[PDB]
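Report on one structure; see the data block that follows.
All of the numbers you see were taken from the coordinates with simple rules; none came from a lab. Cβ placement follows ideal geometry from the backbone for every residue including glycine, while neighbour counts extend to all protein chains displayed.
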Ligand SMILES: NC(=O)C1=CN([C@@H]2O[C@H](COP(=O)(O)OP(=O)(O)OC[C@H]3O[C@@H](n4cnc5c(N)ncnc54)[C@H](O)[C@@H]3O)[C@@H](O)[C@H]2O)C=CC1
Ligand SMILES: Cc1cc2nc3c(=O)[nH]c(=O)nc-3n(C[C@H](O)[C@H](O)[C@H](O)COP(=O)(O)O)c2cc1C
Ligand code: SF4
Ligand code: FES
């Protein structure tokens, strides 16, 4: 939660971080997306790549992203402390992100936050002692009509009841990976009692096309 | 820049020494706090010449107009890109 | 036309909005996408800009600037620099989840919109700044872009038109302020997502220093449908200066929270009770509606009975259209807790650059957190109003405005509930 760094023995510029060679080819493909002379534009993907290889960002991932992009290290420290995904502390293997803004608080995300707390025995910000679950409390994840919902590491688990998130946590402890979807009856975002629109078949190519084209 | 508006006449600083009793700054210079204020340079020169004071004039150092551009912080090909904001 | 709404399924742009069809290329070409794209590209930039100006399309990002007028800022000769279309796929607005549905379910429509729009504005490539939280949607979109390259639809000689055009996807990293177009530009350039000052507008100095148009996913994806179906088809929906169709996200205290494509000037009550199953506990259970996502002022039940869901009728209802994200709030809602949580969102999502937002949004969150408990006095309500009027208009981007407007709507429509909250705090703690 702090925004200054102190050298712990496990987080220092002598902490071993280095990319794998397939990640070096991924970094080459990232840097080829930007114009020649604006290599600094590859700070945000490559550093996020360092969060996918490692799980979190020590201050050797930041210095390595600084070194291989020829940017000053402060310009990577700013990006790492500005954007909320970059874990500058080690998180659990499953990083549970409960949305508690108004479209999800109105549909009782408080009960699900309480359910994850009384299930894992932890509270917001704490990591479980087996380092498998980190529970924090995030802002709008952009799945508002599927409220209430959580995010685990790539995935949105939507339309949740406390029993549904208890069951998702139960099968995350068992090793399997669940399906990122609404745990109610619907599929993505449709009205829950059947389609109020888009019931007719789509027309296809040529429909309604104006003359002179 | 409101203190850089009018011309000023001061004098050469003479000796300040330590009071033996209290350690204060003792002086023997009557004109040590005399700062005169003039609208233009020539009024100051005329007041110095009228009173028999040997003077020296430093000309007004005006700041030259700079070329300011906010979008120049975000250029395509120039070195004047800012690395942060 | 006088009454609006009840849009037909044949008049939909976002077919396969619900994920019920194949989002990949063989499904998309079977739904009208990528049809005669080369004939759109070959007719020049001026014809496409004229079809977008004819359609009356305004900015679906939420401010509603005229899209043809905005894209005609790029119709200017080359000064050596390349030109870039940049798709704003951030969508950090609470209430708003429509661009997630476009990217996840109609990705080839967005890719064809990138091609047609960048042809209109003479652009070289498309940087789709997608939200970092939308990972599955980003890989979904990348699969569609691979299908578009392998079919020769984009890239070298895009659709066989002799026009070179790339489509890139840059992922965000968790900042709502990176949906603001200049802060999104600064985020693509590898820096902190802090908004630039205007002018220079991004058409003059944009991404990397280049001429650049940032446009929303919806206002880009509906552009091949405007080019195929004609601009007059798109202008034949909604009121005048309120043309077209619109995605709506009705969430909160409705029976069936959903995304729906609907005609532009539809009534709010008809939209809620027709596509969302109405407010929970009946329409008499309605307390308030935030009409267009968190940044717009809320409107109470006595405004929601008659209001139309376009830009102008919501401006006349002293709110805004915004992202057309309808957050419905019933009578059981502590509305001060919801608005104070929304101000807490705006201080957590605020890049800290200029003084009035950086200081006053945290100061409004502290005042709103005391207003929830009632730990205040009524002379602090008007004071809070003044704080919002010192943040609104004086900031660099419109997140200060978007933080000021929920406070102003809550005060303007629920000052007596704040005053009774504070007086009952006073009489139960003294
Ligand atoms: N979709 C979402 O997730 C979110 C949307 N919003 C919406 O964003 C809106 C604010 O957006 P802004 O861009 O700050 O407002 P607006 O003042 O700036 O401008 C809208 C667009 O018109 C263009 N424009 C306007 N005047 C121009 C000129 N003279 N020259 C060149 N281009 C010009 C701008 O480049 C911009 O793209 C809010 O009203 C809100 O509804 C806010 C938060 C999240
Ligand atoms: C704080 C803030 C956040 C914004 N976020 C988004 C966004 O996530 N997506 C979006 O399309 N527009 C967003 N906008 C609006 C943009 O500034 C811009 O108007 C729009 O992205 C592109 O213009 P258009 O509406 O014509 O498409 C945001 C504006 C502000 C002030
Ligand atoms: S008002 Fe807030 S969001 Fe905008 S430039 Fe300033 S700190 Fe950033
Ligand atoms: S409010 Fe929770 S996802 Fe948007």
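With the largest listed first and rounded to whole Å, the semi-axes of the equivalent ellipsoid of chain C from the Cα gyration tensor are 39, 25, 18. Here the average projected area of the convex hull drawn through the C-alpha atoms of region A:1-72 stands at 5.2 nm². When only alpha carbons are used to place a centre, region A:32-46 and region C:23-81 end up 27 Å from one another. Nearest-5 percent of antiparallel DSSP beta bridges in region C:20-168? In region C:20-168, approximately 20 percent of DSSP beta bridges are antiparallel ones. Over the protein assembly as shown, the Kirkwood radius and the radius of gyration, each from Cα atoms, give a ratio Rg/Rh of 1.06.
Helix C:335-348 and the longest principal axis of the Cα set of chain C meet at an angle near 50°. For A:190, A:137, the sequence from fewest to most other C-beta atoms within 10 Å is A:137, A:190.
Counting Cβ atoms of other protein chains within 10 Å of each residue's Cβ and taking the mean over peptide A:39-48 gives 5.
Let me check against my output: what whole-number percent is the relative contact order of chain B, with C-alpha pairs under 8 Å and at least 6 apart?
21 percent.
For the peptides C:372-381, C:127-136, the ranking by packing is C:127-136, C:372-381, with the highest mean count of neighbouring Cβ atoms within 10 Å listed first. Rounded to the nearest 5, the antiparallel percentage of DSSP beta bridges internal to chain C is 40%. Axis of helix C:107-120 versus longest Cα principal axis of chain C: the two differ by about 70°, to the nearest ten degrees.
Each label point was placed 7 Å from the Cα along the Cα-to-Cβ direction; for residue B:10 and residue A:187 their separation is 8.4 nm. Taking label positions 7 Å along the Cα-Cβ direction at both residue A:93 and residue A:174, the computed distance is 1.6 nm, reported to one decimal. Across chain C, the mean sequence separation of Cα contacts (distance under 8 Å, 6 or more residues apart), normalised by length, yields a relative contact order of 16 percent.
In terms of other Cβ atoms within 10 Å, C:307, C:52 run from fewest to most in the order C:307, C:52.
Counting only DSSP beta bridges with both residues in region C:254-367, tell me the antiparallel percent, nearest 5.
90
Counting only DSSP H runs of at least 4 residues, each contributing -39500 (n - 2.57), and dividing by the residue count of chain B, the helix-based mean residue ellipticity at 222 nm comes to -3500 deg cm²/dmol.
At a threshold of 8 angstrom on Cα-Cα distance, excluding pairs fewer than six apart, so keeping six or more, what relative contact order does region C:305-430 reach in percent?
Relative contact order here is 24 percent.
On a C-alpha basis, how far is the centre of region A:161-179 from the centre of region A:51-109 in Å? Whole number, if you could? Here the answer is 24 Å between Cα centres. Counted residue by residue at 0.36 nm each, then reduced by the alpha carbon distance between them, the extension gain from residue C:419 to residue C:240 reaches 60.3 nm. Once you reduce region C:260-328 and region C:379-430 to the center of their Cα atoms, the two points are 22 Å from each other.
Between residue C:75 and residue A:111, the C-beta separation translates, for a Förster distance of 45 Å, into a calculated FRET efficiency of about 0.25.
The equivalent ellipsoid that matches the C-alpha gyration tensor of region C:7-81 spans semi-axes of 28, 18, 12 angstrom, in descending order. Projected onto its three principal axes, the C-alpha set of region C:341-430 covers 42, 21, 17 Å, listed from the longest axis down.
The share of alpha-carbon pairs in region C:167-218 lying farther apart than 16 Å comes to 34%.
How far is helix C:135-150 tilted, in degrees, relative to the longest principal axis of the Cα atoms in chain C, given as a value from 0 to 90 rounded to the nearest 10? Long axis of C:135-150 versus the principal axis of chain C: about 10 degrees.
Return C:69, B:34, A:69, C:85 ranked ascending by Cβ neighbour count within 10 Å, so the fewest neighbours appear first.
B:34, C:69, A:69, C:85
Shielding value for C:342-348 is 3, the average number of Cβ atoms from other chains within 10 Å of each residue's Cβ.
Taking 7 Å steps out from each Cα toward its Cβ at residue A:203 and residue A:68 produces label points 5.0 nm apart.
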